[PDB]
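Chemist: Okay, structure incoming, though there's no sequence with it:
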């Protein structure tokens, strides 16, 4: 069954233009913006 | 049994003036302002069998790997959607002797060229805004048919084509819509088919022969105008529509135009983060309503704006939130009742 | 959709009542199409429909110019009345396999409608969305 | 052909009785993968059928692992056993449109069979003549 685990051949066919080359420009349409991880301060625990 | 095939004596005569020369000034009361034909981006379709776009429709679900435990790999689940062009073309034979006889050759031909160019621009804009191949076969796809369904109870960010249409009222015969198209490369653009030249073309073929079906023969001159394009909204995230705008209520102010506009620019959810050139298209009636809401007369019930005595005239609405609001003579105020996606 | 005359089954043909495609394609010799490079076709309803129960647009082929040896390359099936809406692609996205000299489109409607139209043919690039 | 393991419905499956496919290709997202660039498929019968009578070869698609309610995207019809030899294709060339959530192949057979097998699955490029 399945078919969702590894990068199957159908997906590779879908990821190329009609000229037969892989698509450089992929529309994301599911990316999100989250600047919490951008403005957050982080430093090494550096302890026990 | 007919005489409207080509330009004749009567037409050039009525194109003349009292002085006796072809006029350089014809008042075009059928001319239109069609800004979208100037703010659009046109790029070649060099992808074969029409331009193709690759949506992404899912992302992996990573796992917190406790040490010495295996992680099952996942994949990027994409999806594709392709678009096509559609051509417009017009011709004009004007009986080369006739244009020779009229003194102003260039002026006469320029008058006819402007006429053809304006008519074809009107058709291009009208079908760019409402062309639906699902009812006309040959034409390309406009922004209207791709969005003719709204999510009734909107979900926050499962962005679907029905998730970018805000509805308020309508359900009559006064309906209209407002547009928000991002004119950029990976936003939306005009595909001219591979090999086809870009934009409205023009070919002064010159003199011809026009052989009749009874042995008749006389020179003609033919000028050919051609244009094909497709709008290919590659990411409907960059476009949002507000439909079912009741013109009666819009002028009566019963519906809040600015509440809808604010519901846009947030369903748009883009150019508030990233993107390219933006625009906002609506007819004269809608902009009239916006200017009314900016500087209100005894406007229904409430407006929440106070004005000064000198601030009772009101400017034109112009740039809304930094988006240049362009008025286009193609968004009809007699739209169809865009239905709920249920 | 870059349609084209001289390769069109029917341009804006009305569907009301049982009838066939106005134009019948003729490929010179009985050679094949569906094989090799895909050839998109759209037997698609253009204008809405009426009380007719169903519709059975089939892609019949035959060696003779007049179709006395019917051969179904692909069938729309008995599509119900509700789905006879504009933009409904009633048959396969691409040209089926086994094209003979001539091909027709056969419209078999359960009952007769007061409305209904179809523009069927081969397009340069089938337009999605 | 370079037909591969994963997106493959059945590999030399006998389905001599009235069985169904085994490898139900499941996709979490309704991609409806047929759109745009095509994807070749085969339901070619791989070894002959002896005593069957019909081999309705539906391409049922549903929205649950178990196909509680399924949708047909390609049906071959009641193909008589006289044609169920090697290479007898049973549906269209490329991927259809409407693959909502899950995809399994049905093999409704009129009567039982003593021989028969198929190799339904996705193929990178078809083989013709």
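Modeler: Yep, that arrived. Residues are numbered from 1 along each chain as shown, chains lettered A, B, ... in the order given.
Chemist: rest of the way, CA atoms for contacts and neighbours
Modeler: Will do.
Chemist: Can you name the residues of chain C that neighbour chain B?
Modeler: Residues of chain C found near chain B (CA under 8 Å from any CA of the partner chain) are C:1-3, C:45-47, C:86-88, C:119, C:124-129.
Chemist: tell me, which of these make contact with chain A?
Modeler: Counting by CA under 8 Å from any CA, no member of these reaches chain A.
Chemist: Return the members of those classed as buried.
Modeler: Buried members of the residues of chain C next to chain B, counted by 16 or more other CA atoms under 10 Å in any protein chain shown: C:1-3, C:45-47, C:86-88, C:119, C:124-127, C:129.
Chemist: Which parts of the chain are strands?
Modeler: The chain I'm using is chain A. Here chain A has no strands by DSSP state E.
Chemist: that's the wrong chain, I meant chain C
Modeler: C:8-14, C:19-20, C:25-26, C:44-47, C:54-55, C:58-62, C:72-75, C:79-80, C:102-103, C:106-107, C:117-121.
Chemist: Which single residue of chain A approaches chain C most closely?
Modeler: Residue of chain A nearest chain C, by CA to the nearest CA: residue A:18 (11.1 Å).
Chemist: thinking that residue is in contact with residue B:47, fair?
Modeler: Yes. Taking contacts as CA atoms under 8 Å, residue A:18 lies within contact range of residue B:47: 5.2 Å.
Chemist: ok, those two, which is more surrounded?
Modeler: residue A:18 (20 against 17; other CA atoms under 10 Å in any protein chain shown).
Chemist: need the residues of chain A near chain B, please.
Modeler: Residues of chain A lying near chain B by CA under 8 Å from any CA: A:4-7, A:11, A:14-15, A:17-19, A:23, A:25-30.
Chemist: Show me those that map onto helices.
Modeler: Cross-referencing these against helices under DSSP state H gives A:11, A:14.
Chemist: Enumerate every residue touching the residue in chain C positioned nearest to chain A.
Modeler: Using CA to the nearest CA, the single residue of chain C nearest to chain A is residue C:125, 11.1 Å away. Neighbouring residues of residue C:125 by CA atoms under 8 Å, 6 or more residues apart in numbering or on different chains: B:49-50, B:84, C:1-2, C:40.
Chemist: Relative to residue D:52, which of those is nearest.
Modeler: Using CA to CA, residue C:40 is the member of the contacts of residue C:125 that lies nearest residue D:52, at 34.5 Å.
Chemist: Now do the contacts for the residue nearest to that closest one when sequence neighbours are not counted.
Modeler: Of all residues not flanking residue C:40 in the chain, residue C:94 sits nearest, at 4.2 Å (CA to CA, 6 or more residues apart in numbering or on different chains). Contacts for residue C:94 (CA under 8 Å, 6+ apart) come out as C:34, C:38-41, D:93-94.
Chemist: Write the ChimeraX selection for whichever of these are buried.
Modeler: Selection of buried members from those for ChimeraX, criterion 16+ other CA under 10 Å:
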select /C:34,39,40,41 /D:93,94
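Chemist: I'd like the contacts of residue C:94 as JSON lines, with distance to residue D:73 appended.
Modeler: Listed next are the contacts of residue C:94 as JSON lines, based on distance: CA to CA, whole Å:
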{"residue": "C:34", "distance to residue D:73": "19"}
{"residue": "C:38", "distance to residue D:73": "19"}
{"residue": "C:39", "distance to residue D:73": "20"}
{"residue": "C:40", "distance to residue D:73": "18"}
{"residue": "C:41", "distance to residue D:73": "17"}
{"residue": "D:93", "distance to residue D:73": "13"}
{"residue": "D:94", "distance to residue D:73": "12"}
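Chemist: Nearest to residue C:102 among the contacts of residue C:94?
Modeler: Nearest to residue C:102, judged by CA to CA, of the contacts of residue C:94 is residue C:34 at 13.7 Å.
Chemist: Tell me if I'm right that that closest one and residue C:98 touch.
Modeler: Yes. With contact defined as CA under 8 Å, residue C:34 counts as touching residue C:98 (6.9 Å).
Chemist: Run through the residues that contact residue C:113.
Modeler: Going by CA under 8 Å, 6+ apart, residue C:113 touches C:16-17, C:49-52.
Chemist: Just the buried ones out of those, please.
Modeler: Counted by 16+ other CA under 10 Å, the contacts of residue C:113 give C:16-17, C:49-50, C:52 as buried.
Chemist: now, which of those lie close to chain A?
Modeler: Okay, of the buried ones among the contacts of residue C:113, nothing touches chain A (CA under 8 Å from any CA).
Chemist: Adding distance to residue D:70 as columns, could you present the residues you listed in a markdown table?
Modeler: Output for these, formatted as a markdown table (distance: CA to CA, whole Å):
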| residue | distance to residue D:70 |
| --- | --- |
| C:16 | 32 |
| C:17 | 32 |
| C:49 | 27 |
| C:50 | 28 |
| C:52 | 26 |
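Chemist: How much space separates the nearest residue to residue C:8 once chain neighbours are set aside from chain B?
Modeler: Spatially, and ignoring its direct neighbours in sequence, residue C:8 is nearest to residue C:121 (4.4 Å; CA to CA, 6+ apart). Look at residue C:121 and chain B: by CA to the nearest CA, to the nearest Å, they are 10 Å apart.
Chemist: and residue C:121, how many neighbours?
Modeler: Neighbours around residue C:121, by other CA under 10 Å: 22.
Chemist: Equivalent analysis for residue C:107, please.
Modeler: Per other CA under 10 Å, the neighbour tally for residue C:107 reads 20.
Chemist: mind listing what it touches?
Modeler: Contacts for residue C:107 (CA under 8 Å, 6+ apart) come out as C:15, C:18-21, C:55-58.
Chemist: got it, and residue C:76?
Modeler: Counting by CA under 8 Å, 6+ apart, residue C:76 has contacts C:55-58, C:90-91.
Chemist: wait, doesn't residue C:38 sit right on residue C:96?
Modeler: No. Using CA under 8 Å, residue C:38 is not in contact with residue C:96, being 9.2 Å away.
Chemist: Spatially, which residue comes closest to the residue in chain A positioned nearest to chain D, not counting chain neighbours?
Modeler: Ranked by CA to the nearest CA, the top residue of chain A for proximity to chain D is residue A:1, at 3.8 Å. Distances taken as CA to CA, 6+ apart place residue D:23 nearest to residue A:1, at 3.8 Å, with adjacent residues excluded.
Chemist: was I right about that neighbour contacting residue D:5?
Modeler: No. Using CA under 8 Å, residue D:23 is not in contact with residue D:5; the gap is 10.0 Å.
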